[PDB]
């Protein structure tokens, strides 16, 4: 099984390395024969002899064209004749390609920015993660000593914990009396012991949580200070940091560093993505969180450190368990895309589409379109198109609601109507499908490049979706649900890829065609259910809608809904299929993209509400949640009015714990690039002024105090909050935090909400 591929430079020549595990053995296969290349379209063949004399300089190396071959390929299906230019080293290509394109007889160049390792897997037809090979895994976490105003990793690592099938242990240089704790003398021994443990266990996969941005960068910095050669790799190398556009990733050569944070972030919708929230949201049991302040106090004073070591141990234990669960879903994602798990687990949805498209293009001998230059990239940003149809919600608290939606609206449209840039206005075509409103004709004679691949993706999703219900294990069922939904969004992002400014197969016409068809199909379904079946659509959004029969019983809504599905699915063509994905006792819809419904098992599902959004205090979230139960479950708005009256009373009488009045907002840039003043920006600019390190990603946890000025003037960080000297702004938390979210809810159900607050 192919784990990963890279290349090294041996005497000026690139050597591909294929890190494999076959028959329980780690293997490095070498390939000194693969040559980097890219293509060039020529005005005349005669120029090839003038082009191959073009040279360039690298880092003291004279880069020359090694070999050329004329090849016939297809560009968007139409045949084209390009010249394939070979080079010695892959870094020759970035050094020489602009000079080659600058030649007057060179129309354009192609496939010049493909990474050497990824190009190798594509051109050799190799697929990582294939085979039933079992992978050894070892998770690890670190616990550090931090103080405000300190540089990154200025203080030492206090604990290194690790966990596998043998159990979870903790290495630390203070005597903590626990059976799973190994005590050494200094931080240097603690690190060198952990390095020995990884060397002795030799795991194929190293699992972390945010190790790409914390655990590895911290270990790296501490290793340079203490002079430790952190030879984690199976080739003796140290962990290598890699820039991925905006943030950083860490690779360990020979192994797979599995950072669960990017994987979980895009697999589960959570308000926050702490390890405790993620663990509880998956396995059902809570996890205690120990913050850095209590860790520092326990270490410095020496009191209460067993609690810290148990948090460090749990950190490693639950990271290994989560890694066991989500490795299969990511291994399949690596097989589907055709790139190593390390890249697929962290890559953007954009490159997940493009890396598969590039592989399939090479299979069909399709010349890949380039990424746009600066002028075209900005032009694509300046252009947009109509999207999903959103209906203004019908006001009121409704009963006996069904939610119907398409199984995969946009991927259904792409395949059914052959939406593809190679089929767009393809002249000479016997039959086309024209999109409504936008009027783009799409050839139907041959399956388009992208539609020909979207089908297999959907067949995967339904293959996992069928195993989903057929698995009675709640854990394995929740995971297949996670995994089949990942494929749903992957296939849907193919439509969005058509509008991605950096997309090789960019097709604005394809994108707005898919949405125009989706708008026509969603409106047809709404119109049909209202005139032919007497339903009232209460809310609609892009791919689905809520509806009911006013004044009808629950049984006759379910029956007429199933009847309507038979009528509309026979009317709907191709792969378009409307689904029955829920009946709900009650529900309301406050605004576009903001709703709340409750099923027949009293389970409340919501969308777009302040409960799951950052920037609202817990006292606001908790009150809205309790108001949701009184309305959706009990149908008692007077209880909902009583709840908000109690909360506002406790706020006025200062009987609410200030821990519930903390607002969490994230800093998204350098504090200098802020055009406006805000509460969370004002605290960040004041903490940075006193020494605290603020950077893009820093969440500001603040609380608004009773004082003067704007809200930002009254806000302070919560760590600086002293209940003895500071009186929180009760009027703010009443009028600005608790009242607004429930006011809109009661107004949406048809209630004036008069005098919700206390006195």
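Positions refer to the first chain, counted from 1.
For the pair 454 to 462 and 240 to 248, the mean B factor over Cα atoms is greater in 240 to 248.
Look at the C-alpha B-factors of 231 to 239 and of 424 to 432. On average they run higher in 424 to 432. Comparing C-alpha B-factors across 256, 368, 292, 510 in the deposited entry, the largest value falls on 292. Sorting 339, 542, 269, 208 by the CA temperature factor given in the entry leaves 269 at the top.
In this PDB entry, the Cα temperature factor of residue 740 sits in the middle third of its chain's modelled residues. Ranked by C-alpha B-factor against the other modelled residues of its chain, residue 662 falls in the highest third.
Remark: residue 88 belongs to the lowest third of its chain, ranked by C-alpha B-factor as recorded. In the PDB entry, a CA B factor belonging to the highest third of its chain's modelled residues is recorded for residue 747. Compared with the other modelled residues of the chain, the Cα B-factor recorded for residue 178 ranks in the middle third.
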